[PDB]
Protein chains: 2
Amino acid sequence: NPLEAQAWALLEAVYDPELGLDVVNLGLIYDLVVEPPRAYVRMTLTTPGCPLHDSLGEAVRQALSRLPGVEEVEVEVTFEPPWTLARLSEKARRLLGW
Amino acid sequence: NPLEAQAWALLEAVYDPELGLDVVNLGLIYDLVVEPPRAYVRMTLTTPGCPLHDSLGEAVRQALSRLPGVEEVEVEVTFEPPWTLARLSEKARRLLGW
Ligand SMILES: [Mg+2]
Ligand SMILES: [Mg+2]
């Protein structure tokens, strides 16, 4: 499903403002399912508590809505499990310096 | 602290759109501290997951910002503990019919 690869590439352009890294390499994407006309993503945030405006979740929704055949995007934001820097990818660790 | 009573009265005018009851009688307010120039409230939502726009949390922030002497309102939205109808007040149960 090349659509899935397309989805990841799109998400890799969405950045967390506090850490300056994309949501994929930060390890914020917990699940991703793309089955036209629907796209589903389960993700978390880098800090606890629901913000008044989930700008990151909105950016992810907008990114996935660009997928061909996708007319509805469900973005589920959860804290289960809770995120920590241990979820950073190998690439992210290179970009950081680690 | 009459300011505290003022705060509760203000919150009793903020309604959850899905249930048609105010946040206080629904049992959504977990903690409330009013110490000028700051107001703090910890609350939850009636359904899981962080919404893209936390309109309820915003309404609570706007309501408390009307308190005299209060210049900053911190609204913490959590799911710990998770909410259920068991947290409804006695009054809410009368209003419902129970
Ligand atoms: Mg972890
Ligand atoms: Mg309960």
Side-chain angles (χ1 to χ4, degrees), chain A residues 7 10-24 26 28-34 37-67 70-83, chain B residues 7 10-32 38-67 70-85 87:
Chain A
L10 287 171
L11 296 174
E12 289 162 2
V14 178
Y15 287 65
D16 174 299
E18 286 178 33
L19 300 178
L21 293 173
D22 69 89
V23 302
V24 182
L26 275 173
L28 298 181
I29 309 305
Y30 289 173
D31 193 22
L32 175 63
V33 180
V34 180
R38 212 146 302 179
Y40 166 87
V41 59
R42 186 167 69 260
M43 67 180 290
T44 191
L45 307 177
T46 61
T47 56
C50 302
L52 294 175
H53 293 81
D54 181 14
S55 310
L56 195 59
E58 178 52 46
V60 165
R61 186 199 64 70
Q62 285 173 39
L64 300 178
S65 75
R66 289 173 49 183
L67 291 171
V70 173
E71 282 296 296
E72 171 163 55
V73 182
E74 167 178 22
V75 179
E76 293 297 321
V77 183
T78 179
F79 292 112
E80 278 175 35
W83 179 93
Chain B
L10 287 171
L11 296 174
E12 289 162 2
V14 178
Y15 287 65
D16 174 299
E18 286 178 33
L19 300 178
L21 293 173
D22 69 89
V23 302
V24 182
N25 283 297
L26 275 173
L28 298 181
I29 309 305
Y30 289 173
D31 193 22
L32 175 63
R38 212 146 302 179
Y40 166 87
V41 59
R42 186 167 69 260
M43 67 180 290
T44 191
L45 307 177
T46 61
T47 56
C50 302
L52 294 175
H53 293 81
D54 181 14
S55 310
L56 195 59
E58 178 52 46
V60 165
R61 186 199 64 70
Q62 285 173 39
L64 300 178
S65 75
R66 289 173 49 183
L67 291 171
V70 173
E71 282 296 296
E72 171 163 55
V73 182
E74 167 178 22
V75 179
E76 293 297 321
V77 183
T78 179
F79 292 112
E80 278 175 35
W83 179 93
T84 73
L85 285 163
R87 289 176 176 267

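By convention in this document, chain letters (A, B, ...) are assigned in the order of the sequence lines, proteins followed by strands, and residues within each chain are numbered from 1.
What you find for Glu12(B) and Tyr15(B) is that their closest heavy atoms are O-CE1, 3.8 Å. When all heavy atoms are compared, the tightest approach of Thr44(A) to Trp83(A) is CG2-CB, 3.5 Å. In plain terms, the two heavy atoms of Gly57(B) and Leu52(A) that are nearest each other are C-CD2, 3.7 Å. Here the closest heavy-atom approach between residue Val34(A) and residue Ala7(A) is recorded as CG2-CB, 4.1 Å. Nearest heavy-atom pair, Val70(A) versus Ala39(A), reported as atom, atom and distance to 0.1 Å: CG1-CB, 3.7 Å.
How far OG of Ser55(B) is from NE2 of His53(A): 7.5 Å, rounded to the nearest 0.5 Å. Between atom OG of residue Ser65(A) and atom CD of residue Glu72(A) there is a gap of 11.5 Å, rounded to the nearest 0.5 Å. Rounding to the nearest 0.5 Å gives a distance of 4.5 Å between CD of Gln62(A) and CD of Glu58(A). Within the model, atoms CE of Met43(A) and CZ of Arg61(A) stand 13.0 Å from one another, a figure rounded to the nearest 0.5 Å. Distance OG1/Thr46(A) to CG/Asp16(A): 4.0 Å, rounded to 0.5 Å. Distance check, rounded to the nearest 0.5 Å: OG1 of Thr78(A) to CZ of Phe79(B) gives 8.5 Å.
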Quiz item: Is there a side chain to side chain contact (heavy atoms under 4.5 Å, CB included) between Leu56(B) and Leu28(B) once you walk through the steps?
Solution: CA-CA 10 Å; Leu56(B) 195 59; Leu28(B) 298 181; 3.8 Å; yes
Exercise. Take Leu32(B) and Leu64(B) through the test side chain to side chain contact (heavy atoms under 4.5 Å, CB included) and record every step on the way to the result.
Key: CA-CA 10 Å; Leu32(B) 175 63; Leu64(B) 300 178; 4.3 Å; yes
Exercise. Give the C-alpha distance, both sets of side-chain angles, the deciding distance and a yes or no for side chain to side chain contact (heavy atoms under 4.5 Å, CB included) between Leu45(B) and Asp54(B).
Key: CA-CA 9 Å; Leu45(B) 307 177; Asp54(B) 181 14; 3.8 Å; yes
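Residues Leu11(B) and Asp22(B) form no side-chain contact, since every pair of their non-hydrogen atoms from C-beta on lies 4.5 Å or further apart.
Between the side chain of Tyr30(B) and the backbone N or O of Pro81(B) there is at least one donor-acceptor pair closer than 3.5 Å.
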